[PDB]
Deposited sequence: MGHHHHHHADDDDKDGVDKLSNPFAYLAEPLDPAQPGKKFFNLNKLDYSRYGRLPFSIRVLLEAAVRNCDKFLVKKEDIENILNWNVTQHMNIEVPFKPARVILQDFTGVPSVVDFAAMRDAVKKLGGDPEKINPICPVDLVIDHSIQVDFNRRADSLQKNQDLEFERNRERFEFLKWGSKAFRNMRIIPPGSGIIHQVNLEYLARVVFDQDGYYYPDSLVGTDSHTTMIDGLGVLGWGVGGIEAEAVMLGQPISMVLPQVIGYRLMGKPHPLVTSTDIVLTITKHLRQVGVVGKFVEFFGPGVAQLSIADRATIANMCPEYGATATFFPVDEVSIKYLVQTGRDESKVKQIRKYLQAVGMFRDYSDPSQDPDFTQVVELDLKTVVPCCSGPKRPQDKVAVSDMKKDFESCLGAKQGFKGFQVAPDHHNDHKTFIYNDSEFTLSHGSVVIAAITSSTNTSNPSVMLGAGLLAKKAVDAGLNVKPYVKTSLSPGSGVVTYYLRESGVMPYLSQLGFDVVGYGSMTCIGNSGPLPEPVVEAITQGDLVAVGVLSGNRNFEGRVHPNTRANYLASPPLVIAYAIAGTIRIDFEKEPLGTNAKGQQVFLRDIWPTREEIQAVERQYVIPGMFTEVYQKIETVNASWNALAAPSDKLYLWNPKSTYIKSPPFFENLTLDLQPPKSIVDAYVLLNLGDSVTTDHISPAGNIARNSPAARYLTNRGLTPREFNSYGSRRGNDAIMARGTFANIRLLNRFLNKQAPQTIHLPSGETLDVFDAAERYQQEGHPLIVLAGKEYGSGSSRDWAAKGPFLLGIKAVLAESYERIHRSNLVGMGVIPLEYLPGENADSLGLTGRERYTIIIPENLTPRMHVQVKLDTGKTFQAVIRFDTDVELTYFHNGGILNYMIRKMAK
C-alpha cells in the first residue's frame, strides 16, 4: 500500500482495526528531537505517503528537519480537515457537484466523488437563502461535510473550538488534528494543539481534492517561558509582552513553538489569544503542544471523558503529548527566546496621554512629581504649597474630603485584546473579595461597567460575579455638583480612572485634569481606595466596617484562582449552552444537485463538457493570439476583481440581460457560484494596465478588427471564432490576496497559456491546477528584450514525453523563434496537465 506501512500498529491490540503510524520506530535520534509541529507535519506526510502526492524523500526531508530547515526546501503538508467560512465554499461545493454530474455522465457511482478530508462550512439577508440552501444540500450530500448555520447564538471562535478534534479517530486510524481555513480566526486553534492556518479558496479546494499544501519547511523558534509573574500582572500584560517581544525577534515566516514550565501558567484562552495574534509578528503559526491543561480543558468543554483519555492515549503513544515540566523532552529549536514572568510589570498610562506609561508602584511618586512640574503631558504646575490642598463636600446628606488627585470617575470597559474575559473575571473576583472583606466604593464616585459583547458574557454570568461588581456600583451600561464645586473651588486636580484601549481621548472628562488607564481590577481597586495617591504596599485599601485593616494584596485574586473558576464554571456553562444551541439550531435526500436556471447565484460550470475518460495527449498550441499584454505585478484582484459591479461591464450586461437592476447586482464575490458572471468579470478591473492600450482600462484590442473592447467580449469573439489565446506578463504575475477565480476565469476566457518573467507561487500552482500553461522567460529575457509586440501569432511546440521545468520552443508567425521554461515542476503537475485539470484528474480517478 504505502511505503511506511511497517510503521502502523494497533493503538490497542484488542482493536486491531484502529491503527496508528508509530513515528518512534522511524528514527528516534532525530524524531525525538523534532519540534512537535514538525512532528505533526511528519505524521501527516508519513501517514499519507503514496509514492505520488507524497513521496518518500518528503518524509525524509521533513524528518531531517534539523538540516532541511536551512536549505529552504518545499515539503508537502496534508491537513486532517478544512474550514470554510460563510459562503467561501460555494465555488468548492459547486465544483464537487459538477464533478459528480460529470462522473454520472461518464457512468460511475457519483457518490464516490467526495472531499478527501472532513470539511466544515461555518456561518455567523434573504439575498442568499439560495446559497444557504445550496451549502445545506452540500452538507446533506457529501461525506464528512458538516455545516454550522446562522442563528446559532454561539460565537465563531467558540464554534471553531467546538469543531476542534485534537486527535482524529477515523478510517481506522489515530492521527493529530490539523487544518486549513478560508477563515480569519483559524490560527487560534493552534492554542490547543491543533496545527493549522489560513489559505485561499483554491488551496482549501486543493486540500479538499487531496492535493497537499506545498510549503517551505519552516524554521521553529522556541519561546521558553519561566518564572512566576508578579500578582498584579494580567493575561493582557503577558500576551502583549510576548507579542511585542516576538515582534522584535523577527519570526516572520517561521513557526513559533512554546515551551518551559511557565507554559503551564497559560490557560487555553491565553494560548489561543497568543496563537491567534500570530499574524501580527508574522509567524506562520504559533504552536502550543497538547498537555495536561489542554486535556483538562478538553474535559471541561464537556467532551466524552473516554475519547479524551483516548486522545491522550494516542498522543503519548505516537509521542506528541507534552510535559513542559521536563526539559529532557524539549526539541532542538532553530532558536530559543526566553521570558521570565517576574519581568512583566503592571503599568498604567497617563495622566494626559495613553503612551505615557507608568508603573503601579510609582503612582504616588509620579503623580506628586506631575504636581511638582509645570503644564505638560507629565505635569500640571500647582503651586508647591497647594500640593496638599483638600476641599470637603456633601453628597446626599453626607460629608466627604475631596483632595488633590482623588478619583472622580471609575470606568471599566472592554479591551479589543482577546484576553479580556479572563481579566474581567479577575476584576469580578477582586470585587467579590472586596465585598467579602467588607469594603465599599464611596457613593459619589462615578463608577461604570461596559464589558462589551461576546465571550466575556459567560465569564461574567457563570462566575456569579455581576452582583459583587454591581455592589461597588459597577453595573452594566455628568458627575455630581458637590464634586464639581469642591473640585473647582478647592482648585483640585481630579483623577479619572479608566480601563480600555479604545478611544481614550474621546472620554476624558473636563473636570478631571488627570486621567489614567489601568486593568479593570486595578480600576476597581483605585475606585475603592478613593485616591490614586497611595502605595498599596504600605497604605491599606481600607479599614473593615468591623475594624481590621485590608490591603490590595488581601483581595487581589491570583491567576490561579481566576483560572480555577474559569475552568470550574465558565467553560462548562459556556459549552453546555453551546451544545444546547447547536442542538436547537439544527432543527431548522437527493444525492445529485438540481440546478435552477432561474438562478443568478448558482450555475453549473462548463469545465467538463465533452469530458472523455480517455487521456488527452499534449495539445500543441498552434498560432495563438496575445489576449493581454501586461506589465509588472499584475495582481489577483486585477485578474479576477472584487467589489461591486460597474454598469459598463460585461457582467452588468449579462445581468441586465436578465431583468436585473444595478441595485440587485451585488458584488463579484457573491457571484462566485456563477462561472458566467465570474468569467465575465475576469480582467474587468478599471485599474487594469494593458500595454496594447497604454492606459488604465479593462479592455483589449481584438487584433482581427482593431476594435478595442472589453476583455470578456474580445475573448468571447476570439473563442467564438475559435482562436487560441495566450497572455503576456512581466514580474511577480499573480501576486495579491485570494481570488478563487484567478485561474477558472482565464481558463473560461480561453487562455491556454500565460507567459511571464516571474510568477507568484500560489498563482502558478492554481493555473497549473486549472490546466493553463505557465510559461517563464529564460533568465535575462522578456517582452522588450526579445522585441515581442504582442501582435504576432504564437506557436508553442509541446513535446510528447514532456518533462518538468523543461525548455520548450515558442515560434512566431514571423519565424521568430525562442525558448521558454514550461513551469510544470513535478510529475504530479505534468499529470494534472495531461488530464487538463486536477478536477478532471480526480473525476477520471473516481470514475474507474
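According to the record, the deposited residues with no C-alpha atom in the structure span 1-20, 145-165, 519-530, 642-648.
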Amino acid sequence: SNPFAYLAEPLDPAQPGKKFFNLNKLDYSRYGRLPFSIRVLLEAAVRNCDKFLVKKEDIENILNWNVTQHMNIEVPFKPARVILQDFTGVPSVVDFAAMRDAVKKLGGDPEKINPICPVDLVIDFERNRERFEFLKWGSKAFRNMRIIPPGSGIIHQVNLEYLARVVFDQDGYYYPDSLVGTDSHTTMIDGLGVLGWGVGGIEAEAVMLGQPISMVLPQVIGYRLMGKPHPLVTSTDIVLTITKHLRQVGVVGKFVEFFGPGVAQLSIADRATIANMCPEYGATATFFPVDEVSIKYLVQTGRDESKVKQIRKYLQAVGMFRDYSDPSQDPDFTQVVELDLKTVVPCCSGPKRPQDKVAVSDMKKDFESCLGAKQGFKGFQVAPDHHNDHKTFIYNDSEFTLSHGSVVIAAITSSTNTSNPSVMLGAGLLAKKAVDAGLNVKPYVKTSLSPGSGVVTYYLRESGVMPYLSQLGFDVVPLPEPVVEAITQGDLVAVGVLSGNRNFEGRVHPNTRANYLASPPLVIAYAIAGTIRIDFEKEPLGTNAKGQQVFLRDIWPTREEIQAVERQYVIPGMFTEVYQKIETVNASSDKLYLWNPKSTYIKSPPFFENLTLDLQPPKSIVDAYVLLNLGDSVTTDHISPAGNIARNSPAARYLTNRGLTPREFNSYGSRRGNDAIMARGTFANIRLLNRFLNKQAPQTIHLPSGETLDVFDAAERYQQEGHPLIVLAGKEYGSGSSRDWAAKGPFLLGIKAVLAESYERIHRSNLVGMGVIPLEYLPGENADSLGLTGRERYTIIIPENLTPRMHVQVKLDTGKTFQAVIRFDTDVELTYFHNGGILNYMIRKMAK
From here on, numbers count along this sequence of modelled residues.
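Checked against the record, the higher mean CA B factor of 702-710 and 453-461 lies with 702-710. A summary of the deposited B-factors shows that, of 412-420 and 724-732, the stretch with the larger mean C-alpha value is 724-732. Of all the options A44, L26, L812, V67, the entry's greatest CA B-factor is assigned to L812.
The residue among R658, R146, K244, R567 whose C-alpha atom has the highest B-factor in the PDB entry is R658.
When the modelled residues of the chain are ordered by their C-alpha B factor, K55 lands in the lowest third. When the CA B factors of the chain's modelled residues are split into thirds, the value for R793 lands in the highest one. The PDB entry assigns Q355 a C-alpha temperature factor belonging to the middle third of its chain's modelled residues. Per-chain ranking of the deposited C-alpha B factor places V251 in the lowest third. Sort the modelled residues of the chain by CA B factor and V40 lands in the lowest third.
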